[PDB]
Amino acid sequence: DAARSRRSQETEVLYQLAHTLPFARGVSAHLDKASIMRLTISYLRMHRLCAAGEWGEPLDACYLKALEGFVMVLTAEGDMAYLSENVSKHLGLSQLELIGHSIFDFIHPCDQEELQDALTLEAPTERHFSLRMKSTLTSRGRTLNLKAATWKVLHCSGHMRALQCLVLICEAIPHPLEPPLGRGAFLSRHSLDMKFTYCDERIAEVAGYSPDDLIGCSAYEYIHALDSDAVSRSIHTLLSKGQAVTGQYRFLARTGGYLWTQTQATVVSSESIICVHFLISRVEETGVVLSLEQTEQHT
């Protein structure tokens, strides 16, 4: 009867500790003891990490509001040290269920090697990589229980900082319309070999192409050779993960020159690719012919 008494008081002080957690009132009523322990331990670890920073304002809350992705800091062992609340908006899983667990239990298997090489033309500590994370979201909300969770491609960018942490902002690649359209972008559709099957009419204003002439042509013929490798890698990602974001690259205009571009590509359903290209520049070197088609059109 003394063993019980002690265990009952253990559960009581553990529930009191759950009441000390930095969450709204009543949330602790939905937690189990293991989750209480995990969240308290991770809270103390994150406080130790934030205390090591060498530095109250009402404009602070703007920062997470201005971001589109979510905050994630991972330890050197791969455990999710911290996630911001808006993670629920991107993966369905909340920070309550994810803080204190290992990232590898929520990453696609074939991405674990990439992440492991990230946790150990680019500044030495800066990190850019795509990661498939478990998400329970559909267009109707959080409708998937964890075992039918789908893979969501996240463009992760951040820094190795110093224990050593990897601090990332992780952003979702939106899935791709009707006039009137905006400026600084156009849309294209390709087969999996990246041959044009459709292209926005705005291309005529952007690069001077009529969309009908692009139909059937390989997209790789329209990139600057200097951007060869990078675009290749992007497409490889697009082919293995389902979505990708390219770097800045030069797209060749019809009669000469090029313009700076960055595109988001998504595989859709037998399968095809949709590209949303955001323009960075207007046509540069307009009087310079670079490709054979460019000099065939300059005449």
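Start at 1 with the first residue shown and count on from there.
- Count the deposited residues lacking coordinates between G208 and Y209 and you get none at all.
- According to the entry, the deposited sequence places 4 to 9 unmodelled residues between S269 and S270.
- A summary of the deposited B-factors shows that, of 2-10 and 289-297, the stretch with the larger mean C-alpha value is 2-10.
- Per the PDB record, of the two stretches 179-187 and 98-106, 179-187 carries the greater mean B-factor over its C-alpha atoms.
- Of all the options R161, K134, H90, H224, the entry's greatest CA B-factor is assigned to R161.
- For the set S139, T150, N145, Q112, the PDB entry assigns the largest Cα B-factor to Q112.
- Compared with the other modelled residues of the chain, the Cα B-factor recorded for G69 ranks in the middle third.
- Compared with the other modelled residues of the chain, the Cα B-factor recorded for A230 ranks in the middle third.
- For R38, the recorded CA temperature factor ranks within the highest third of the chain's modelled residues.
- The deposited CA B-factor of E85 belongs to the middle third of values across its chain.
- In this PDB entry, the Cα temperature factor of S218 sits in the bottom third of its chain's modelled residues, the lowest group.
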